[PDB]
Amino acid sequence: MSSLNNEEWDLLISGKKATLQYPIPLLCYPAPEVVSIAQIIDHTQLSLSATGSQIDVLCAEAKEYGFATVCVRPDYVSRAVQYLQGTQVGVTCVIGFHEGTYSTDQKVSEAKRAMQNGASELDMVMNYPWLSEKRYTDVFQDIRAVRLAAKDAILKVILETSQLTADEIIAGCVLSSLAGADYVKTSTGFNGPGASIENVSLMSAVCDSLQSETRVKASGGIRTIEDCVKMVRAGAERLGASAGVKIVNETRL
């Protein structure tokens, strides 16, 4: 993989596209058990204005409901880790967020600091403008550097699907998986529309065809229990949302 030039990456990716069934089959996977939906949600607060007290409330809600993780910015990782000691709730830190165009050196510095502060997972933003230009060796090296700086993390790579064609989404899934990512993720929620059943079904189809163990996270605009069910049917194994309290409350009636 590390040997390949941009033309060799282009040929490899075209070969993977050639194995897919078209039109892409939609909603292939079983429904989730709704009473236990909390166990697959990353409970999120990323507003610039969010205060320490608001982060404390996010952490209390995650301990109460049993969400998979809380998801926060670098400067709140230490606070969240302290709050959640003794529980089974992890901490996810965002990396190169939301723009994705931060240098590789900056992304690596952030990843190292987050792990030192006790994070268990990292959600990094891909340099998606390079992806569109077919600067494939640059995209690959950017992800590999973060992967090697944080060997023990669950690593998720955000594509920003609102800015990409289907051909570009295929390329992004292949490069992320072969670099060692644990997940590919749809959206930041800060630049255009979020998860669709079409994009999640395509991402799942690509990942399942590869030899690696890469899973799919649906994010952006997930507001109701109906939204959660449809994204899992499309192939998602984790969900990003801020509305998890209202969603679980629905299921208890």
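From 1 onward, residues are counted along the sequence shown.
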| remark: The stretch whose C-alpha atoms carry the larger average B-factor in the entry, 82 to 90 or 124 to 132, is 82 to 90
| field | Of 18 to 26 and 241 to 249, the one with larger mean CA B-factor | value | 18 to 26
| query | Which is it among 58, 210, 202, 41: the one with the largest CA B-factor in the entry? | reply | 210
| So among 228, 35, 62, 184, who wins on Cα B-factor in the entry? | 35
| task | Would you check the entry's CA temperature factor for residue 223 and let me know if it's in the chain's lowest, middle or highest third? | result | highest
| request: Sort the modelled residues of this chain by their C-alpha B factor and say whether residue 154 lands in the lowest, middle or highest third. | output: middle
| task | Select lowest, middle or highest to describe the third in which the CA B-factor of residue 116 falls within its chain in this entry. | result | highest
| task | Determine, from the deposited record, the chain-internal third of the Cα B-factor for residue 31: lowest, middle or highest. | result | highest
| note | residue 191: C-alpha B-factor third of its chain, per the entry, is the highest
